[PDB]
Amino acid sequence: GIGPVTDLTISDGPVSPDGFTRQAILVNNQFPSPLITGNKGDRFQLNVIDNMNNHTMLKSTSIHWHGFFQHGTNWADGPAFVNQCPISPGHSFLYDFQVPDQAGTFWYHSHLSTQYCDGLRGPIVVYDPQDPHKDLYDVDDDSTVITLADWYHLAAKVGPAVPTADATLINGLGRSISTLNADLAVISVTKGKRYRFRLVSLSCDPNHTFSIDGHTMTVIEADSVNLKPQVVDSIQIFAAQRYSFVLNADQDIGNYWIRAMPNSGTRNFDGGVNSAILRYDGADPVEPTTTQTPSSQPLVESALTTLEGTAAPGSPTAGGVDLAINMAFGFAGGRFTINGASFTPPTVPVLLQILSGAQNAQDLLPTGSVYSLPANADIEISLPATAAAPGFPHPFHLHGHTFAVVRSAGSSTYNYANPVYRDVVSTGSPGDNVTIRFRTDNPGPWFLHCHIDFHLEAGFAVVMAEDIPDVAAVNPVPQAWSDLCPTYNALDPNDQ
């Protein structure tokens, strides 16, 4: 794909991924946003050029490179009012970082308000030249990235505060109930070959239960973390998660429905909604007529494990860490709260507050939403599900880190010995107590938030201000970053 060194010019333009025309955000004149690729170890220099003129979809922008640790480049992480002020329309801003020791499937998306819902979001693959799973597949390239996305006929700031999707897009295409003739995505395979498919959820809200008629899927990666291979016949993937799965194109040459059932909006497949086409070379260019069978080996997160079976940080019992934090979810005044506070973006980005002299979490805004974390410590965070935070299951995402999911949704057990590690986790449903652990090896302020973008917008976030005293020294910032806030703050309000 493009990158690791590339311009990304952001503009507004008409699109019709489901047959319906609407204005959306393009990236290098493309919708959906294009795939960016590099290799493990690469330096990425992604020059984001903000050419948008549409105020309703936000003329300013900021982009987060989801899944990348950004060690020593916290200023490049993307979240507006946490790690930067937005880039202003008519300006450009260079994200320049490296990706030491990561490889897998990632994505990028606007991290200003609900802007990515308007279409600034695309996949990223960082290949590993020594990928330990290479021996399982023959093909892994542009054409094996499979994105899922929600799509709305009304823009993020035009529809309901928490909208319902008119379509599910698979690789940027799909049908709405009003567009049953729209083009479907087609994914081609050749009989006898093995494919590393990289399934990326670009969704702003719904999760999708993904399956392919007549085929199983061997999962080998979760959110950029190599797993032990696990055969499954369906994958519930939440907003912002990734999986690689190997598909062996070992069935009869034909067309087979690829299905992505969301948890809200239209949940059926009538007339080819929520669907795409797996077409073996030599198949007729027509719609599949395959029928779905019940999933009998769904992916189960607590059954996943890392390739090395790496233990969770800290000691194998509850609270065996340096610092344990429970995040009690709630809702009040139409905003989400975590431990009683709703995140509201501060005028001065949290990172800039720290570089300006804020010496502890008590000094940081917004008050009540910022947690201090000590350096080089084992952290445990528990995220108990509650109906008091409406719109569960909420997929929580921690910036700056991968974490061990010691307890998954739908499971009553704790696993300190060999739990899956990942960066987005469903916190599930009342009764669940999803719990995660990570080591504070990455000084900086890092967002922790529900990745349903309408819920983030409603305050469902906190900031982990990790090792505040070393932030400035570990994250020296470039001049162009220092100029972001003065430029943005000089703007007319409707350009912000």
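Start at 1 with the first residue shown and count on from there.
Task: Of 191-199 and 349-357, the one with larger mean CA B-factor - done: Going by the record's values, the stretch with the higher mean is 191-199.
- [ ] Name the higher of the two by mean Cα B-factor in the PDB entry, 51-59 versus 64-72.
- [x] Comparing 51-59 with 64-72, the higher mean C-alpha B-factor belongs to 51-59.
Open item on the list: Just to confirm, going by the entry's C-alpha B-factors, which of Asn83, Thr114, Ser315, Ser88 comes out highest?
Closed with: Spelled out: the listed residue with the top C-alpha B-factor is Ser315.
TODO: Identify, among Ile381, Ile338, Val225, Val273, the residue whose C-alpha carries the highest B-factor in the deposited PDB entry.
DONE: Of the candidates given, the C-alpha B-factor peaks at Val273.
Open item on the list: What third of the chain does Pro393 rank in for C-alpha temperature factor, lowest, middle or highest?
Closed with: Its C-alpha B-factor belongs to the lowest third of this chain's values.
Task: Chain third (lowest, middle, highest) by recorded CA B-factor, residue given as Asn489 - done: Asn489: CA B-factor falls in the middle third of its chain.
TODO: Check where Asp483 lands among this chain's C-alpha B-factors and tell me if it's the lowest, middle or highest third.
DONE: Ranked within chain, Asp483 CA B lands in the lowest tercile.
Open item on the list: When the deposited Cα B-factors of this chain's modelled residues are ordered and cut into thirds, is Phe331 in the lowest, the middle or the highest one?
Closed with: Ranked within chain, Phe331 CA B lands in the middle tercile.
Task: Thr164 - Cα temperature factor, lowest/middle/highest third of chain - done: Tercile = middle for this residue's CA B-factor.
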